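Enquirer: Pasting a structure here, questions to come.
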Amino acid sequence: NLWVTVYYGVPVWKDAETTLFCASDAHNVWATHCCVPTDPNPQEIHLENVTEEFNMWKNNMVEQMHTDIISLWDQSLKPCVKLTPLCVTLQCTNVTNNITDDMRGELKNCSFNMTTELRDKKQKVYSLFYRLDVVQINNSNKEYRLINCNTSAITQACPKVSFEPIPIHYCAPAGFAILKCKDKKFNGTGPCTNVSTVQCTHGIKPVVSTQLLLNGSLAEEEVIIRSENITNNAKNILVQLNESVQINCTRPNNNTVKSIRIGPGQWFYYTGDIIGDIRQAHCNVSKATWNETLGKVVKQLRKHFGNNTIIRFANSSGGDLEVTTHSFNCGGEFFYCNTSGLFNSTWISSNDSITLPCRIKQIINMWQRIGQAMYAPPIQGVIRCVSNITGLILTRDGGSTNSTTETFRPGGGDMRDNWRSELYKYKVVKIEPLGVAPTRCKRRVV
Amino acid sequence: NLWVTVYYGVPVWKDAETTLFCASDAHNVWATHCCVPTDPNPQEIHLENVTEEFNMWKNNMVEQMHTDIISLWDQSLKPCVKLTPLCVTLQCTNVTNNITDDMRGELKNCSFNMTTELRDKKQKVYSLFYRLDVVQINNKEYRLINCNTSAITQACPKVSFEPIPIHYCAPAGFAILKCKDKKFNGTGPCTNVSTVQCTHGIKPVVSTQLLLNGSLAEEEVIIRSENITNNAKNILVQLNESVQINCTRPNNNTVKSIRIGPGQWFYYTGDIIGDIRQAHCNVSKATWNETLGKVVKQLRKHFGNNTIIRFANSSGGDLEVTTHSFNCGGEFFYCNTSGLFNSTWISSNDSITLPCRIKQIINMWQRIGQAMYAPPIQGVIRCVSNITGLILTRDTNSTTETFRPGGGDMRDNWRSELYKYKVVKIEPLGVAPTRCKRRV
Amino acid sequence: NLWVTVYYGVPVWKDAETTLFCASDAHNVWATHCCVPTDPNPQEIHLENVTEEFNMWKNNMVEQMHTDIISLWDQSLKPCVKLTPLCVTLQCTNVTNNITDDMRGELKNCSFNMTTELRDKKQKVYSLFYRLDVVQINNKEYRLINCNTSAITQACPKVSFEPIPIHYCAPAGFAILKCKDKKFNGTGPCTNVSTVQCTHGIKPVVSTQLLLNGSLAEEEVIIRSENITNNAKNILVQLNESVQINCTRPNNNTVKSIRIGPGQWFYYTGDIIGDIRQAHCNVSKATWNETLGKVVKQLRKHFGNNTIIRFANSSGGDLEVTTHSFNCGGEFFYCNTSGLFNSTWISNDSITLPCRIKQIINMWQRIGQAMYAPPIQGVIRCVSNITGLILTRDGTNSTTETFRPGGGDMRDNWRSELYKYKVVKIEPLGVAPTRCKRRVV
Amino acid sequence: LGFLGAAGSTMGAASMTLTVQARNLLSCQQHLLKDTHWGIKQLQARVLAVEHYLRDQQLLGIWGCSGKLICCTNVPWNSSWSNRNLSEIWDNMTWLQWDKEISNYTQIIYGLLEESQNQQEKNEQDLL
Amino acid sequence: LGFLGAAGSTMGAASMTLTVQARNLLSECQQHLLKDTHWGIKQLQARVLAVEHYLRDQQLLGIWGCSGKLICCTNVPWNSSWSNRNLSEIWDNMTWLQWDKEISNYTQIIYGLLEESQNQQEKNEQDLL
Amino acid sequence: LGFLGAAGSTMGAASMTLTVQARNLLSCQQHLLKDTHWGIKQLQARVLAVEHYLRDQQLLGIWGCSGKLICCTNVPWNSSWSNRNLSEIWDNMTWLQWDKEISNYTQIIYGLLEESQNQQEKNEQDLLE
Ligand SMILES: *[C@@H]1O[C@H](CO)[C@@H](O[C@@H]2O[C@H](CO)[C@@H](O[C@@H]3O[C@H](CO[C@H]4O[C@H](CO)[C@@H](O)[C@H](O)[C@@H]4O)[C@@H](O)[C@H](O[C@H]4O[C@H](CO)[C@@H](O)[C@H](O)[C@@H]4O)[C@@H]3O)[C@H](O)[C@H]2NC(C)=O)[C@H](O)[C@H]1NC(C)=O
Ligand SMILES: *[C@@H]1O[C@H](CO)[C@@H](O[C@@H]2O[C@H](CO)[C@@H](O)[C@H](O)[C@H]2NC(C)=O)[C@H](O)[C@H]1NC(C)=O
Ligand SMILES: *[C@@H]1O[C@H](CO)[C@@H](O[C@@H]2O[C@H](CO)[C@@H](O)[C@H](O)[C@H]2NC(C)=O)[C@H](O)[C@H]1NC(C)=O
Ligand SMILES: *[C@@H]1O[C@H](CO)[C@@H](O[C@@H]2O[C@H](CO)[C@@H](O)[C@H](O)[C@H]2NC(C)=O)[C@H](O)[C@H]1NC(C)=O
Ligand SMILES: *[C@@H]1O[C@H](CO)[C@@H](O[C@@H]2O[C@H](CO)[C@@H](O)[C@H](O)[C@H]2NC(C)=O)[C@H](O)[C@H]1NC(C)=O
Ligand SMILES: *[C@@H]1O[C@H](CO)[C@@H](O)[C@H](O)[C@H]1NC(C)=O
Ligand SMILES: *[C@@H]1O[C@H](CO)[C@@H](O)[C@H](O)[C@H]1NC(C)=O
Ligand SMILES: *[C@@H]1O[C@H](CO)[C@@H](O)[C@H](O)[C@H]1NC(C)=O
Ligand SMILES: *[C@@H]1O[C@H](CO)[C@@H](O)[C@H](O)[C@H]1NC(C)=O
Ligand SMILES: *[C@@H]1O[C@H](CO)[C@@H](O)[C@H](O)[C@H]1NC(C)=O
Ligand SMILES: *[C@@H]1O[C@H](CO)[C@@H](O)[C@H](O)[C@H]1NC(C)=O
Ligand SMILES: *[C@@H]1O[C@H](CO)[C@@H](O)[C@H](O)[C@H]1NC(C)=O
Ligand SMILES: *[C@@H]1O[C@H](CO)[C@@H](O)[C@H](O)[C@H]1NC(C)=O
Ligand SMILES: *[C@@H]1O[C@H](CO)[C@@H](O)[C@H](O)[C@H]1NC(C)=O
Ligand SMILES: *[C@@H]1O[C@H](CO)[C@@H](O)[C@H](O)[C@H]1NC(C)=O
Ligand SMILES: *[C@@H]1O[C@H](CO)[C@@H](O)[C@H](O)[C@H]1NC(C)=O
């Protein structure tokens with residue numbers, strides 16, 4: 001004795017994939033792009049008697065971060081000076097004045113022919129290189145070419161443009177909603193009961209780095225390790241710390257940047273002169289802090305691998321610097337730090353900071369993509385920055401020896417895996433307001 | 001007595017034009033762009049007791065097909081390397097190595113300066129050229145034929161341009177109607193019609209003089225044109241059976257490549273292994289003769305019982321209209337047709353060999369402000385195509401008329417596959433007199 | 001006692017901004033990009049007992065016009081041949097051939113090399129051109145004036161830039177209101193108003209110093225400024241009579257061209273046929289003096305019956321700032337207006353204004369791009385209608401004030417033509433009290 | 001049975017298929033977005049379909065027919081538009097045939113429907 | 001009188017023109033839509049916004065239980081906290097522009113009241129069935 | 001409660017929250033225009049939201065519910081869809097749980113709703129004539 005009753009405005013949803021847009025709270029690329037203002041009201045609604053399943057490894061928002069970040073990057077670089085006319089035979093010599101023994105021939109003094117405003121005139125330019133950007137022509141030790149002359153055209157970045165990451169808030173389009181998990185112990189891939197609605201995410205700062213994750217959210221309560229298919233050594237491990245570690249980085253030398261005209265309406269920037277004893281770049285971390293932090297990580301993985309294990313750390317496998325070193329941007333310059341000193345220990349059940357030497361590059365490929373190149377003009381003076389280590393990417397060697405000793409190394413990964421961390425908290429669903437139910441009424445018919 | 005009653009959802013329509021969306025059945029250019037999948041649904045509704053009028057010569061879909069094709073073609077070339085750095089003087093001499101009399105001076109061995117990965121370096125290379133794309137400057141000084149008129153872009157070697165069937169689908173609010181009358185000539189009323197969701201899969205085949213790989217008539221031979229009497233119209237002939245044509249370029253080419261810049265590779269024709277002979281195409285003489293005899297009987301139905309049909313080659317014009325053209329294996333062929341149109345029809349077997357020329361610098365789509373270079377293909381090329389129709393023109397009660405093959409808009413080829421389809425817009429509102437009055 | 005009654009279809013609006021679509025009637029760039037036809041049916045609704053607040057200096061229709069015109073200009077140059085490869089060292093000497101009007105040093109005979117169709121070939125070529133387009137490097141070396149600053153693009157010779165009337169039309173949901181008060185001063189509660197779907201056509205004429213080919217005022221000359229006592233604001237003078245100005249580029253010319261690449265044509269000046277003569281514009285002095293008379297009367301109405309109005313020339317600055325400027329025959333003219341502002345007022349005679357021609361044009365007061373004006377063959381003549389002025393009071397209490405042809409940005413030409421018009425958004429929903437309660441079953 | 005299946009049916013016979021016709025009116029993007037023209041061209045087409053849909057709905061509202069597939073009015077039928085018998089109109093003729101025959105008069109009819117509804121709503125408000 | 005034929009009409013006088021105003025919203029060359037990317041986009045955006053505007057108002061009338069009617073009498077009383085304007089002037093001295101300006105401060109309040117009253121009545125009808 | 005505040009509520013408990021859910025379905029500049037891909041993506045998103053909205057409204061019209069949030073029809077409830085107590089459903093099941101309970105019947109119910117309404121309108125037409 002029941003009929004169909006129809007309702008519109010039913011508070012339900014289904015998992016869905018849509019396009020999100022960004023906003024911020026105000027030269028910067030991020031600011032230019034995410035020009036849409038934010039709403040100061042958190043608009044977060046706790047739901048009672050709610051459960052939801054959050055699988056961060058299937059979170060499409062991670063892909064969106066990647067897609068749109070790259071897109072912005074490309075748009076920002078596009079309207080700038082092409083350095084194509086300069087990928088020419090270069091004459092070089094090694095620098096022998098005010099050089100420490102750590103540097104030796106890493107820094108080179110080169111000279112070459114350059115164009116001028118009139119096509120009929122040519123000038124001669126002198127500049128400095130860090131070796132990593134320059135290779136031998138074919139082997140003569142006077143003649144060199146830029147590393148990219150056989151692969152891609154290089155565009156210099158416009159010096160007025162700021163890439164400093166800012167927190168960015170992502171907001172749902174009408175018809176969609178964002179759900180958030182606040183379960184402090186949630187490890188991803190699964191149900192969460194501390195569920196609330198979200199209109200816009202918190203501000204996520206798009207920091208790009210490799211082996212160590214800087215300036216992200218810090219874990220609440222305890223160090224937590226998140227991974228999928230954990231016994232499979234093909235997967236990496238994302239570790240989120242609940243205490244930050246301070247790292248002090250520097251580019252110690254005084255760089256006098258010079259610029260010249262290259263063609264109508266266009267300037268070229270280069271290194272000019274360097275003042276003071278020349279040293280490589282460095283990053284400092286307290287050794288005690290690092291050891292305490294690491295021990296905490298070890299305890300968490302120990303519960304995952306067994307009470308009787310030995311946790312051994314080792315440095316990374318060989319390969320490109322973007323894989324083997326801690327690659328990050330500091331002060332606008334690109335650093336490649338040797339992290340092997342952070343992994344030389346085995347764990348068995350004043351600060352004396354560990355200092356990592358770091359290389360600097362002027363020719364930058366980007367996003368693990370090739371066929372494009374960017375030239376990073378030098379920055380005048382001396383550079384320092386201080387960053388917060390909030391998490392790590394690690395891999396396990398795997399294999400079966402059953403020795404109880406597991407080996408962990410700096411992990412490699414995608415930029416997507418950095419963003420994956422912040423986004424573990426959010427899911428996108430579509431609102432479905434229409435539905436039916438049984439009833440004792442029947443439409444009145446007259 | 002009667003009042004106006006409004007009816008919504010009335011199954012009626014009007015003639016309309018709208019953009020269609022391109023879909024494929026599923027890294028070919030056609031497929032990459034026309035990536036929208038088709039439905040596994042041969043959806044058709046027979047419009048019982050409905051008559052509709054079709055006019056293929058006014059069909060908007062042909063124009064859209066053309067426009068979208070041009071656009072896609074250019075989009076494909078937009079990211080490819082320019083060959084403008086190669087607009088230099090060539091130092092050319094005749095090739096005499098294993099070359100027969102039907103070739104002689106067609107091939108040239110040219111040397112020239114070109115750029116390198118580094119701006120300051122230059123290199124000297126040797127390359128083999130076809131006479132059709134190289135012009136004497138005045139001696140030994142030659143240039144690429146188009147470096148005076150337009151930029152030349154190299155087509156990307158990785159891209160496949162072979163046609164795939166494409167289905168055109170209506171946007172909501174629109175429908176495609178189809179004529180199922182097997183005897184329909186493209187312009188009259190059609191009394192056997194049905195609705196269509198998407199057209200059949202039509203391959204974007206490009207050719208001149210003879211139509212290739214299209215649909216065949218059930219009803220023997222149909223000859224149609226916008227107006228037969230009008231001597232300015234180009235007549236399309238649809239056949240019920242195909243004629244197979246076997247085309248080849250017998251020479252084994254050795255392909256090499258050199259960089260002219262950081263990501264810029266130029267592909268050169270290199271040299272030839274073995275004997276050098278002309279490219280050519282073969283058809284059966286009888287098959288061709290049987291086909292024409294039927295065409296003639298059909299022509300008499302429009303031109304007279306005592307009419308004598310004289311076949312001849314085209315009257316003149318550039319290579320693009322005087323030769324048959326196609327792109328077999330990706331190489332561009334310009335084949336002679338005089339061997340096909342010599343006879344006069346009155347009231348294990350031998351084949352016809354058509355000599356062919358090869359060209360690499362192509363002015364595509366009947367345009368002149370663009371040119372492209374077709375990278376050479378390594379090895380020897382062979383294919384067989386289906387001739388499914390003819391493109392014909394004709395020249396004081398002589399009783400004898402002359403018909404010739406010829407060129408025309410590429411649109412005219414596409415008109416054939418689209419001849420049976422029409423686009424209409426759906427119009428859901430209408431009113432009618434009834435005996436009810438709105439309750440007041 | 002009263003309930004709520006809800007109404008939809010309520011004839012009300014609020015001020016709002018939107019984008020208005022560009023249309024025209026009847027190779028011309030304005031027509032090409034405003035292909036949308038106008039409605040041949042005129043339309044207007046008077047609104048009796050409606051008074052509206054207008055402010056011509058807060059009118060966003062002006063800003064839209066500005067943005068769209070610049071975009072149009074750039075879009076039209078995008079597909080044209082670049083002249084970048086021609087930034088070569090020039091060897092130049094002075095031309096005295098058939099020198100007349102003592103215009104010495106104005107033109108130079110420059111020889112230079114250029115790259116032709118093949119990369120292997122260079123050619124020595126010659127051209128004749130104005131000093132305003134060239135600088136010395138320091139039979140001396142010279143370069144084009146804009147080769148250090150930016151790329152130079154040749155405008156396409158087939159494109160006409162002649163202004164045509166452009167009509168702006170509201171999108172559905174919007175309406176344009178207009179002020180019909182002949183004496184409206186640019187701001188305030190205009191009482192004679194009506195609703196208009198599309199504006200009248202406005203010709204997008206761009207000029208400096210004086211306003212050419214605009215609308216004339218009714219009644220009398222109307223002078224308008226945002227702030228009257230702030231000398232930083234210029235005052236627009238809309239005349240109720242048009243002054244004829246006859247402009248010419250008196251020389252006859254041979255135009256030459258050369259290929260500089262694959263289908264890439266460059267056009268240049270060739271040579272001069274006959275005597276070399278100064279460019280100029282003619283105005284009847286008497287009508288000019290009558291016009292000034294009307295203007296000084298209107299100025300005194302704001303400053304006092306006994307004040308003295310001193311006219312004077314423009315301040316020092318760039319030609320685009322200090323001289324009169326217009327496009328006639330495709331050539332760019334820079335004219336000396338000091339002869340128009342010499343008198344002091346208190347209670348044939350054709351003046352000839354000398355002019356100069358420049359081929360490399362920066363435009364819209366923007367820096368970093370330049371457009372090369374193709375040479376025009378033959379002799380150029382046009383007559384324009386002077387419909388207004390842009391003046392500054394120049395800031396003693398001596399009662400004598402100086403009025404200079406300060407000029408202004410391009411928006412002022414548009415502020416003047418689009419002053420009549422305002423944009424609002426339609427808002428059909430509203431409420432009022434009634435006597436009934438909704439009938440309840 | 002299907003969209004336009006009733007097109008050859010008589011006007012009366014086709015009345016029960018009005019619902020199929022209504023349902024069908026509103027019925028590799030990572031690649032396609034990159035093609036500016038493909039993207040814009042197809043988006044515009046979708047927008048236009050929406051605009052047409054809404055205009056018809058707007059009219060049904062105006063005429064007081066928004067809640068019905070079949071809506072009776074107070075506007076009389078004019079012999080000027082058609083003087084044909086109802087039995088032929090409904091039982092012999094199809095909608096395609098019939099509609100073509102009155103294509104002149106449609107605007108007249110619409111204006112009448114709009115005014116009739118206008119007066120009826122006023123009457124209701126004055127009564128309440 | 002035409003679209004917005006008058007706006008000097010009293011509110012009462014203007015009631016028979018509601019059907020006119022109601023018809024304004026949604027009321028080779030074409031190659032230019034793609035040739036000029038920004039031009040085509042700006043126009044498309046404007047059309048979209050007009051539609052969005054239309055739909056929001058229609059949804060709201062539906063919510064309040066007025067729907068397709070141009071004039072509705074509701075179950076929400078006119079409040080005493082609102083300016084105490086005389087009913088004779090409200091309908092025949094005042095025009096809609098003047099009136100709306102006088103009562104614009106309260107718009108969001110009256111809308112909330114209208115929404116709630118309708119929601120309650122609908123629930124009551126379900127209980128009655 | 002707010003938007004989706006009622007999501008964890010039971011079916012009857014969520015009565016009268018229908019209105020918030022309905023209200024929330026509908027809702028620098030030089031960058032938004034210059035970045036063509038950006039602008040297209042955002043415009044498409046708004047267009048899609050509209051298309052979605054319209055499909056739901058169309059169905060409510062087709063089924064004879066139209067502008068109502070709460071409707072009751074002439075179509076019977078089937079044992080092939082569910083066999084649960086009416087109070088179990090209305091007092092204890094969450095609307096989200098309910099959708100999980102009724103799965104792949106949507107198209108059946110809709111077909112029934114569509115046909116029933118079609119016949120009902122025909123019956124009214126015959127009675128008036
Ligand atoms: C993790 O988070 C920390 C803290 O936010 C980041 O540290 C900052 O990093 C940025 C980028 O390297 C630094 O930016 C620089 O700021 C300079 C000005 O600051 C000094 O002077 C002001 C007074 O004017 C003082 O208030 C301030 O304390 C400093 O003493 C700029 O001069 C720098 O130059 C650039 O911008 C200017 C315009 O402002 C241009 O004219 C220049 O040409 C050039 O482009 C630059 O902007 C910032 O100072 C750091 N803050 C601190 C406290 O150290 C870490 O970088 C971040 N880690 C990661 C991985 O992202
Ligand atoms: C400049 O420095 C580089 C190192 O940066 C020198 O390269 C080394 O040359 C020796 C002798 O051939 C090799 O055995 C080393 O393996 C090279 N080092 C590297 C890293 O490859 C280079 O010879 C120096 N040049 C001059 C003129 O001093
Ligand atoms: C490439 O360019 C060079 C010149 O830069 C050519 O070499 C000269 O050719 C002339 C004859 O035309 C000789 O008289 C010179 O002695 C040659 N110079 C040198 C250094 O060899 C060369 O022939 C060109 N090569 C090609 C393949 O075009
Ligand atoms: C063209 O000639 C080359 C040269 O012989 C052929 O390359 C040979 O290919 C076969 C396999 O098909 C190999 O076994 C030979 O070793 C290759 N030759 C060489 C140089 O090693 C090529 O196949 C020929 N192509 C055609 C289509 O005739
Ligand atoms: C065009 O280029 C030629 C060279 O290819 C220039 O002529 C030479 O100029 C130098 C100047 O130092 C003289 O020493 C040579 O004797 C000249 N050679 C010849 C053949 O004349 C020529 O001046 C350039 N043209 C222009 C206008 O600058
Ligand atoms: C951080 O996590 C570690 C995990 O070993 C825990 O022992 C420590 O107390 C936590 N820190 C804080 C401040 O809660
Ligand atoms: C090269 O071929 C052309 C065309 O057949 C011929 O006229 C010319 O004489 C030939 N030259 C030589 C050197 O064989
Ligand atoms: C075709 O064109 C000719 C003129 O060329 C004309 O005489 C003839 O009547 C036309 N036929 C039709 C069917 O229009
Ligand atoms: C046609 O054939 C004749 C030989 O009979 C030949 O001379 C003429 O060049 C050919 N022309 C065309 C266009 O095929
Ligand atoms: C050109 O005229 C200037 C004066 O304007 C003079 O200084 C210069 O010497 C003259 N040059 C020649 C070649 O006569
Ligand atoms: C001009 O501006 C000044 C402030 O700078 C102001 O005091 C004065 O009233 C303004 N005059 C007019 C006419 O607006
Ligand atoms: C077509 O006509 C036949 C009678 O000859 C009739 O039975 C059939 O139903 C008609 N078809 C349609 C679609 O009305
Ligand atoms: C019918 O239409 C004519 C105009 O064609 C008009 O004069 C006549 O009054 C109308 N009659 C009715 C009943 O509407
Ligand atoms: C009225 O419509 C008929 C077709 O039904 C048409 O033949 C006739 O010419 C039309 N009359 C006018 C005045 O348009
Ligand atoms: C303006 O007010 C007068 C006096 O009340 C009235 O007669 C006239 O109709 C009003 N104008 C309009 C457009 O309502
Ligand atoms: C339909 O839903 C039921 C649960 O309600 C499930 O058991 C059944 O397998 C589903 N049918 C399909 C689509 O497989």
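FYI, nothing fancy with the structure tokens labels: chains A, B, ... in order, residues from 1 per chain, ligands from 1 as they appear.
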Show me which residues line ligand 14, defined as having an atom within 7 Å of a ligand atom where only C-alpha atoms and all ligand atoms count, and present them as a PDB file with N, CA and C atoms, in the first residue's frame.

Expert:
ATOM      1  N   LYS D 100       2.987  23.541 -41.940  1.00  0.00           N
ATOM      2  CA  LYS D 100       3.444  24.306 -43.079  1.00  0.00           C
ATOM      3  C   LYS D 100       2.339  25.193 -43.604  1.00  0.00           C
ATOM      4  N   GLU D 101       1.124  24.683 -43.580  1.00  0.00           N
ATOM      5  CA  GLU D 101      -0.008  25.417 -44.097  1.00  0.00           C
ATOM      6  C   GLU D 101      -0.370  26.695 -43.344  1.00  0.00           C
ATOM      7  N   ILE D 102       0.066  26.868 -42.096  1.00  0.00           N
ATOM      8  CA  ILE D 102      -0.311  28.083 -41.386  1.00  0.00           C
ATOM      9  C   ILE D 102       0.904  28.899 -41.023  1.00  0.00           C
ATOM     10  N   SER D 103       1.992  28.720 -41.754  1.00  0.00           N
ATOM     11  CA  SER D 103       3.227  29.403 -41.392  1.00  0.00           C
ATOM     12  C   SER D 103       3.200  30.945 -41.354  1.00  0.00           C
ATOM     13  N   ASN D 104       2.237  31.566 -42.041  1.00  0.00           N
ATOM     14  CA  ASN D 104       2.084  33.049 -42.040  1.00  0.00           C
ATOM     15  C   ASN D 104       1.654  33.539 -40.650  1.00  0.00           C
TER      16      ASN D 104
END

Enquirer: Around ligand 7, at most 7 Å away and counting only C-alpha atoms and all ligand atoms, which residues are there? Put them as a PyMOL selection string, please.

Expert: chain B and resi 93-94+104-106

Enquirer: Restricting the output to N, CA and C atoms, write the selected residues as a PDB file, in the first residue's frame.

Expert:
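Final file, out13.pdb:
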ATOM      1  N   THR B  93      73.834  19.278 -60.709  1.00  0.00           N
ATOM      2  CA  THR B  93      74.164  18.605 -61.950  1.00  0.00           C
ATOM      3  C   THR B  93      73.190  17.429 -62.136  1.00  0.00           C
ATOM      4  N   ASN B  94      73.093  16.884 -63.367  1.00  0.00           N
ATOM      5  CA  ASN B  94      72.241  15.739 -63.708  1.00  0.00           C
ATOM      6  C   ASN B  94      72.807  14.446 -63.116  1.00  0.00           C
ATOM      7  N   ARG B 104      66.012  10.177 -67.499  1.00  0.00           N
ATOM      8  CA  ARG B 104      67.005  11.156 -67.913  1.00  0.00           C
ATOM      9  C   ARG B 104      67.318  12.232 -66.876  1.00  0.00           C
ATOM     10  N   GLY B 105      66.868  13.461 -67.140  1.00  0.00           N
ATOM     11  CA  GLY B 105      67.190  14.640 -66.337  1.00  0.00           C
ATOM     12  C   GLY B 105      66.265  14.916 -65.156  1.00  0.00           C
ATOM     13  N   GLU B 106      65.329  14.017 -64.875  1.00  0.00           N
ATOM     14  CA  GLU B 106      64.396  14.232 -63.775  1.00  0.00           C
ATOM     15  C   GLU B 106      65.098  14.300 -62.434  1.00  0.00           C
TER      16      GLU B 106
END

Enquirer: Name the residues, by chain letter and number, that sit within 7 Å of ligand 6 using only C-alpha atoms and all ligand atoms, and give them as a PyMOL selection string.

Expert: chain A and resi 221-223+242-243+296-297+299-300

Enquirer: For the selection you just gave me, I'd like the residues written to a file as a PDB file, in the first residue's frame, keeping N, CA, C and O atoms.

Expert:
ATOM      1  N   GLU A 221      49.960  15.507  16.064  1.00  0.00           N
ATOM      2  CA  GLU A 221      50.170  14.379  16.989  1.00  0.00           C
ATOM      3  C   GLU A 221      51.431  13.548  16.806  1.00  0.00           C
ATOM      4  O   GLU A 221      52.185  13.381  17.761  1.00  0.00           O
ATOM      5  N   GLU A 222      51.628  12.962  15.636  1.00  0.00           N
ATOM      6  CA  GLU A 222      52.791  12.103  15.452  1.00  0.00           C
ATOM      7  C   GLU A 222      53.306  11.970  14.035  1.00  0.00           C
ATOM      8  O   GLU A 222      52.565  12.101  13.061  1.00  0.00           O
ATOM      9  N   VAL A 223      54.567  11.576  13.927  1.00  0.00           N
ATOM     10  CA  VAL A 223      55.106  11.300  12.601  1.00  0.00           C
ATOM     11  C   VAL A 223      54.249  10.224  11.987  1.00  0.00           C
ATOM     12  O   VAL A 223      53.976   9.214  12.629  1.00  0.00           O
ATOM     13  N   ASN A 242      55.748  15.595  12.301  1.00  0.00           N
ATOM     14  CA  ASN A 242      54.927  16.423  13.208  1.00  0.00           C
ATOM     15  C   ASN A 242      55.730  17.555  13.894  1.00  0.00           C
ATOM     16  O   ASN A 242      55.173  18.330  14.675  1.00  0.00           O
ATOM     17  N   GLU A 243      57.051  17.652  13.611  1.00  0.00           N
ATOM     18  CA  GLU A 243      57.994  18.638  14.116  1.00  0.00           C
ATOM     19  C   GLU A 243      58.808  19.010  12.903  1.00  0.00           C
ATOM     20  O   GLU A 243      59.193  18.123  12.145  1.00  0.00           O
ATOM     21  N   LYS A 296      62.540   9.020  15.119  1.00  0.00           N
ATOM     22  CA  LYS A 296      61.085   9.008  15.186  1.00  0.00           C
ATOM     23  C   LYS A 296      60.503   8.320  13.955  1.00  0.00           C
ATOM     24  O   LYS A 296      59.560   7.521  14.052  1.00  0.00           O
ATOM     25  N   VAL A 297      61.117   8.587  12.808  1.00  0.00           N
ATOM     26  CA  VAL A 297      60.700   7.980  11.560  1.00  0.00           C
ATOM     27  C   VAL A 297      60.937   6.491  11.626  1.00  0.00           C
ATOM     28  O   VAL A 297      60.087   5.707  11.194  1.00  0.00           O
ATOM     29  N   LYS A 299      61.017   4.588  14.258  1.00  0.00           N
ATOM     30  CA  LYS A 299      60.032   3.910  15.081  1.00  0.00           C
ATOM     31  C   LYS A 299      58.741   3.645  14.319  1.00  0.00           C
ATOM     32  O   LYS A 299      58.155   2.559  14.432  1.00  0.00           O
ATOM     33  N   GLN A 300      58.307   4.605  13.514  1.00  0.00           N
ATOM     34  CA  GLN A 300      57.081   4.381  12.777  1.00  0.00           C
ATOM     35  C   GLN A 300      57.250   3.323  11.705  1.00  0.00           C
ATOM     36  O   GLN A 300      56.395   2.458  11.512  1.00  0.00           O
TER      37      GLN A 300
END

Enquirer: May I ask you to write as a ChimeraX atom specification all residues lying at most 10 Å from ligand 4, with only C-alpha atoms and all ligand atoms counted?

Expert: /B:250-254,272-274,377-382
